[PDB]
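Structure data follow from data20.txt (compact mmCIF, C-alpha atoms):
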# COMPACT_ATOMS: atom_id res chain seq x y z
CA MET A 1 -36.69 58.37 10.19
CA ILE A 2 -40.05 58.85 8.49
CA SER A 3 -42.38 61.86 8.54
CA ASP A 4 -46.14 61.87 9.15
CA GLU A 5 -46.55 63.13 5.59
CA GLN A 6 -44.60 60.25 4.04
CA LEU A 7 -46.35 57.74 6.30
CA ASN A 8 -49.83 59.06 5.47
CA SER A 9 -49.14 59.13 1.73
CA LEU A 10 -47.61 55.64 1.90
CA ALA A 11 -50.68 54.36 3.75
CA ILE A 12 -53.27 55.80 1.36
CA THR A 13 -51.17 54.69 -1.61
CA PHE A 14 -50.72 51.11 -0.40
CA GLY A 15 -54.41 50.94 0.45
CA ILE A 16 -55.77 52.18 -2.87
CA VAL A 17 -53.27 50.20 -4.93
CA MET A 18 -53.84 47.02 -2.91
CA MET A 19 -57.60 47.50 -3.25
CA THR A 20 -57.31 47.80 -7.03
CA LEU A 21 -55.12 44.71 -7.36
CA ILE A 22 -57.38 42.57 -5.17
CA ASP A 23 -60.48 44.09 -6.77
CA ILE A 24 -59.46 43.03 -10.27
CA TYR A 25 -57.90 39.70 -9.29
CA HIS A 26 -61.10 38.97 -7.35
CA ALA A 27 -63.52 39.95 -10.12
CA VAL A 28 -61.52 37.97 -12.68
CA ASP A 29 -61.01 34.94 -10.44
CA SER A 30 -64.72 34.97 -9.62
CA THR A 31 -65.71 35.38 -13.28
CA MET A 32 -63.44 32.52 -14.34
CA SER A 33 -64.14 30.33 -11.31
CA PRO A 34 -67.46 31.49 -9.81
CA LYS A 35 -69.51 29.70 -7.14
CA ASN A 36 -73.04 29.40 -5.77
CA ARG A 37 -72.16 30.63 -2.28
CA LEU A 38 -74.69 33.18 -1.04
CA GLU A 39 -77.15 33.30 1.86

If you took the structure in this file and wrote it as structure tokens, what would it be?
Amino acid sequence: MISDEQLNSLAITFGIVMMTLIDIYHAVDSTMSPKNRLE
């Protein structure tokens, strides 16, 4: 039994956190192993 409040907070939290993790991992991975893919 979850409440709209808990669900909303859990959603925004998971989103922001996930974005940060992927953001860093992406920037680092790209900086270490970049590529010439752009058009």

Margin query: Please compute the CA of residue 2 (chain A)-CA of residue 15 (chain A) distance, one decimal, in Å.
Written below: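 For CA of residue 2 (chain A) relative to CA of residue 15 (chain A), the distance reads 18.3 Å.
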
Item checked: Coordinates-based distance that separates CA of residue 35 (chain A) from CA of residue 23 (chain A) (Å, one decimal) -> 17.0 Å

Check: When you draw a straight line from CA of residue 7 (chain A) to CA of residue 20 (chain A), how long is it in Å?
Finding: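 Interatomic distance, CA of residue 7 (chain A) to CA of residue 20 (chain A): 19.9 Å.
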
Listed atoms of region 23-35 of chain A, axis-aligned box, 4 Å per side: centre and edge lengths to one decimal in Å, as lines of an AutoDock Vina configuration file?
center_x = -63.7
center_y = 36.9
center_z = -10.6
size_x = 19.6
size_y = 22.4
size_z = 15.6
